[PDB]
Number of protein chains: 2
Amino acid sequence: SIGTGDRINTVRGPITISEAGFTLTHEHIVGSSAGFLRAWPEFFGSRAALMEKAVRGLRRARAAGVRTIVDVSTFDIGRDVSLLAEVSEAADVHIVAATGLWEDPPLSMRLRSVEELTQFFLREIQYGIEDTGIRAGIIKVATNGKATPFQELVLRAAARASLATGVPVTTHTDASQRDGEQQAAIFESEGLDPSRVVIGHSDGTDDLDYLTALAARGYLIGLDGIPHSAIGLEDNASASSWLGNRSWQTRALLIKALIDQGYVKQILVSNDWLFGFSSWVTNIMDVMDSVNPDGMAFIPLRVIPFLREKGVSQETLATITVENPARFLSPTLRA
Amino acid sequence: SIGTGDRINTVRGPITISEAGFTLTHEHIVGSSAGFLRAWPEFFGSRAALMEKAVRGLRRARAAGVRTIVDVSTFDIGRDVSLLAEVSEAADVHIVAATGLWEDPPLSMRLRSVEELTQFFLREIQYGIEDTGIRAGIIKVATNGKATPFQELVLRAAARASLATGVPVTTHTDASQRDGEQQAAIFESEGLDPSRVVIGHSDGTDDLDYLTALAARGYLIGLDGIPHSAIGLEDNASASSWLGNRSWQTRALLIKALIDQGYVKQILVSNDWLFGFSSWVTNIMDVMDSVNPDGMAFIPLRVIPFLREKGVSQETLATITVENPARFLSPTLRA
Ligand SMILES: CCOP(=O)(O)Cc1ccc(C)cc1
Ligand SMILES: CCOP(=O)(O)Cc1ccc(C)cc1
Ligand SMILES: [Zn+2]
Ligand SMILES: [Zn+2]
Ligand SMILES: [Zn+2]
Ligand SMILES: [Zn+2]
């Protein structure tokens with residue numbers, strides 16, 4: 001009970017590699033902000049309504065074959081690990097929680113040094129989140145174009161926490177700006193092995209030069225938003241820029257491109273779904289649920305059959321959906 | 001137990017006007033960020049260390065004559081009303097908690113409409129903060145120069161919540177940019193009476209044209225940071241720009257200027273002290289405590305005697321420190 005060791009931390013305790021099964025590596029129960037669900041639960045109808053909706057969605061994902069999700073909600077996404085543990089137990093789906101910082105850190109984080117941030121990320125991996133004793137199994141970081149000075153520190157702190165514990169790093173990018181190239185430079189400057197990093201939102205680009213430049217160095221490629229656009233604060237007239245300019249089939253075909261290039265063991269697929277979403281326009285969930293009623297079951301019910309139709313084998317899809325997440329999540333300095 | 005009515009809400013329940021006594025109207029137990037004390041209590045040594053330090057400081061303030069403080073920490077300052085109630089009971093000092101939003105709201109707040117924000121502020125005044133049942137007795141808002149679009153909505157929502165409940169509004173300004181002039185315009189556009197508003201950090205300027213333009217319309221003037229600079233994110237080489245360019249005597253003399261102009265009933269004085277401070281550089285509390293060891297007792301131990309030495313009567317100082325805060329805090333549409 002003291003030490004990361006080799007099992008994977010979930011919000012209901014450690015699991016073996018063989019228990020993870022079919023794993024969605026980039027998901028959210030709720031996309032929110034620190035403190036917001038505790039301060040304003042009625043925003044979501046109620047906490048009970050959100051919890052019940054998440055249990056129904058995870059039971060639908062489980063019926064389609066999902067056994068684990070990685071909830072990549074950080075502190076500043078409003079991660080509530082008590083809600084994750086309740087939903088995990090009710091749905092009988094393992095949930096891996098995250099540490100790290102996304103793109104909305106408050107001043108009490110933004111003023112911290114790289115050493116202080118490393119202490120905070122290590123707290124959440126090695127000791128517990130808040131007073132719950134629940135430990136993170138992944139470290140989430142973010143850029144949106146060139147890193148801000150503080151995001152460079154977050155990247156470096158995530159590398160240090162990974163180098164101490166063997167827990168991997170998952171990134172948010174603006175893939176259209178090729179952020180993974182700067183993220184890789186910063187991680188490598190700290191000595192992190194690329195096999196401990198997934199460069200996320202990588203389905204937000206069709207640039208195979210960018211994607212293969214990352215995979216060739218050993219990074220995992222997170223094709224993690226297949227049923228929806230790589231969304232961002234476009235201001236002006238954003239709202240339901242949800243679906244995106246590109247079809248889900250176009251994003252899914254990147255999975256086949258990377259298989260065809262030899263990178264089957266470096267692909268991680270997901271929906272980047274959520275059951276509540278306060279860090280966006282009001283009623284965004286009506287739009288999301290009308291467009292993708294399968295929610296987190298979209299990957300197994302629609303993307304897997306589509307790839308089979310395109311000639312990808314069941315064995316190759318099991319490597320992507322079962323073997324890769326287990327190898328990636330199992331703590332190590334080199335996977 | 002349902003309804004604002006006429007008593008003042010504190011973190012230990014309603015008090016009468018006569019129970020408030022000598023009141024500091026702009027203070028903080030902790031200056032932080034939402035969720036931060038729960039997620040990283042070791043930043044402050046521990047939660048117990050911060051709590052004990054706050055109890056010692058409030059007992060020193062009580063020994064100097066203070067009976068109530070108004071903790072103007074919002075959601076995004078990391079207000080923890082359970083910590084306030086614990087400290088209040090241990091120190092035997094009443095604490096009035098705040099709703100509203102300061103200058104660090106997260107995306108889940110910044111994307112909300114004026115109606116949604118009003119619902120949130122009314123929740124915290126009329127129902128309770130989080131699941132505590134503790135109700136706010138004041139609404140805190142902020143600008144730093146020209147209002148952002150979202151800060152205009154916060155100002156308007158604060159006015160609407162005040163117009164429904166009679167709870168007053170307290171503002172953060174960059175006084176050097178005369179923000180209170182735009183804040184007054186926005187409040188008045190919603191129908192709020194100026195007697196329900198204190199324009200804070202007004203000791204951050206020597207501009208008597210600005211200060212009297214506000215007082216002449218009926219606003220209260222918050223001379224609320226006497227022992228320290230009106231601090232802000234100056235970046236570059238901020239850190240210990242704590243003391244400021246102006247002396248505490250220069251700020252205190254604004255109190256006498258406004259008395260001499262006829263505005264004794266519109267002055268509110270405070271320290272704007274805190275016992276922990278994570279929304280600033282590390283170890284800022286060492287600097288603060290070395291420079292002002294009297295903490296929240298600075299007003300009664302140093303500013304009151306200084307004003308007496310300058311010819312202000314004990315009766316005039318009781319109006320400022322006892323009568324004005326009771327009249328201001330007691331819920332009403334017109335004070
Ligand atoms: C909840 C975090 O979700 P995400 O996967 O980064 C998608 C996302 C949500 C909200 C904003 C402002 C940008 C992007
Ligand atoms: C805790 C809120 O305190 P304040 O009175 O506005 C003084 C203040 C603190 C922190 C920053 C970044 C600006 C100003
Ligand atoms: Zn993201
Ligand atoms: Zn996400
Ligand atoms: Zn302020
Ligand atoms: Zn303050």
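Values below: every heavy atom of this structure, side chains too, minus hydrogens, waters and symmetry copies. We count ligands from 1, going down the list as the structure has it; atoms in each ligand are counted the same way. Note on naming: letters A, B, ... go to the chains in the order of the sequence lines (proteins, then strands), and numbering restarts at 1 for each one.
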Should the ring pair A:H228 and A:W273 be called parallel, tilted or perpendicular, given that the plane angle runs from 0 to 90° and is split at 30 and 60?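 Ring orientation of A:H228 relative to A:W273: tilted.
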
Scan side-chain atoms only and decide if A:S73 and A:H28 contain a donor-acceptor pair under the 3.5 Å cut-off.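 Yes, a side-chain donor-acceptor pair sits under 3.5 Å.
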
Donor + acceptor pair across side chains of B:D179, B:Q182 (<3.5 Å):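 B:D179 vs B:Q182: no donor-acceptor pair found between side chains.
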
Going by heavy atoms in the side chains, are A:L220 and A:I267 under 4.5 Å from each other?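 No, every pair of side-chain atoms sits at 4.5 Å or beyond.
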
Any side-chain heavy-atom pair from B:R47 and B:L37 closer than 4.5 angstrom?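 Yes - at least one pair of side-chain heavy atoms lies under 4.5 Å apart.
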
Answer yes or no: does an N/O atom from B:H172 fall short of 3.5 Å to an N/O atom of ligand 2?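 Checking ligand 2 against B:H172, an N or O pair does fall under 3.5 Å apart.
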
Between B:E103 and ligand 2, does any nitrogen or oxygen pair lie at a separation below 3.5 Å?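 No, no N or O pair falls under 3.5 Å.
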
On a heavy-atom basis, I'd like to know which of B:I284, B:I231, B:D174 is closest to atom 8 (C) of ligand 2.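 Result: the heavy atom closest to atom 8 (C) of ligand 2 is in B:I231.
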
Please indicate whether any nitrogen or oxygen in A:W102 is less than 3.5 Å from any nitrogen or oxygen in ligand 1.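 Yes, A:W102 has an N/O under 3.5 Å of an N/O on ligand 1.
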
In terms of atom number and element, which parts of ligand 1 are under 4.0 angstrom from non-hydrogen atoms of A:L233?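 Under 4.0 Å from A:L233, ligand 1 has these atoms: 12 (C).
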
Should you measure from each heavy atom of B:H26, which atoms of ligand 2 turn up under 4.0 Å away?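 Numbered from 1, ligand 2 contributes 5 (O).
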
With the Zn ion (ligand 3) as the reference point, give the N/O/S atom of A:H172 that is nearest.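 In A:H172, the N, O or S atom with the shortest distance to the Zn ion (ligand 3) is ND1.
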
